[PDB]
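K.L.:
Please work out how this folds:
(chains A and B, ligands or ions: 2)
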Amino acid sequence: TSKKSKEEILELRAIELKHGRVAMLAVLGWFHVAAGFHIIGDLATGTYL
Amino acid sequence: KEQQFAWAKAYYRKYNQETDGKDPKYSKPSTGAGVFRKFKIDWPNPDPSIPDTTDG
Ligand code: CLA
Ligand SMILES: CC1=C(C#C/C(C)=C/C=C/C(C)=C/C=C/C=C(C)/C=C/C=C(C)/C=C/[C@@]23O[C@]2(C)C[C@@H](O)CC3(C)C)C(C)(C)C[C@H](O)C1
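P.N.:
Numbering: from 1, shown residues only, chains lettered A, B, ... in the order given. Ligands and ions are numbered 1, 2, ... in the order given. Provided below are the atomic coordinates:
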């Protein structure tokens, strides 16, 4: 960011925040499904995923 | 009157049914009878304490 302009810095922060939020939700869902608790898939496939 | 009610009884026996014929399954219990697993109500992550056998 040393040579970037303000718009580029704001876009970098937007990318960072989108990735961070997606990653937080991803970890939540990953642990949720790794604990079992995967009902949508269970019901859709008729079997325990 | 005896003949009248004899004819009435004949007509009753011919045209009337004891029961509507509803499926017996709707009368059988589901919970507490030991046959819970048949209905697959709690299949995802089933409760271990409930016996797996469906014999009742
Ligand atoms: C990065 C996020 C992310 C991604 C990519 C996925 C992807 C997937 N999940 Mg999900 N999941 C997530 C988060 C995520 N999950 C979270 C946070 C939870 C709750 C802890 C779950 C709980 C969950 C279960 C219980 C199951 C899945 C399953 C699945 C698969 C099928 C889709 C489905 O219906 O699940 C989605 C189900 C949900 C309950 C998702 C809830 C999402 C919350 C409410 C966040 C909403 C954010 C919102 C849109 C933000 C606003 C933005 C807007 C203003 C622009 C798929 C691979 C299935 C699977 O793989 O089974 C083997 C399955 O059974 N997920
Ligand atoms: C009736 C029936 C069935 C059914 C059904 C139904 C109705 C199922 C419903 C499922 C449902 C309701 C599933 C929701 C998923 C939501 C997800 C994954 C959201 C992700 C959200 C994400 C990844 C968000 C990301 C971002 O927001 C972040 C973090 C920041 C923003 O800047 C940018 C974006 C927007 C990218 C069975 C049970 C399947 C089988 C049975 O036989 C018959």
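K.L.:
what about the most centrally placed residue in chain A, which SS state?
P.N.:
For chain A, residue A:22 is the residue whose C-alpha lies nearest the centre (Cα atoms, centre = their mean; 2.7 Å). For residue A:22, the secondary structure call by DSSP: H, G, I helix; E, B strand; the rest coil comes out as helix.
K.L.:
With residue A:41 instead?
P.N.:
Using three-state DSSP, the structure places residue A:41 in helix.
K.L.:
Kindly provide the distance from the nearest residue to residue B:55 once chain neighbours are set aside to ligand 1.
P.N.:
Spatially, and ignoring its direct neighbours in sequence, residue B:55 is nearest to residue B:34 (6.9 Å; Cβ to Cβ, 6 or more residues apart in numbering or on different chains). For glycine as for every other residue, the C-beta is placed from the backbone atoms N, C-alpha and C. Distance, residue B:34 to ligand 1, using Cβ to the nearest ligand atom, to the nearest Å: 30 Å.
K.L.:
ditto for residue B:41
P.N.:
Applying Cβ to the nearest ligand atom to residue B:41 and ligand 1 gives a distance of 18 Å.
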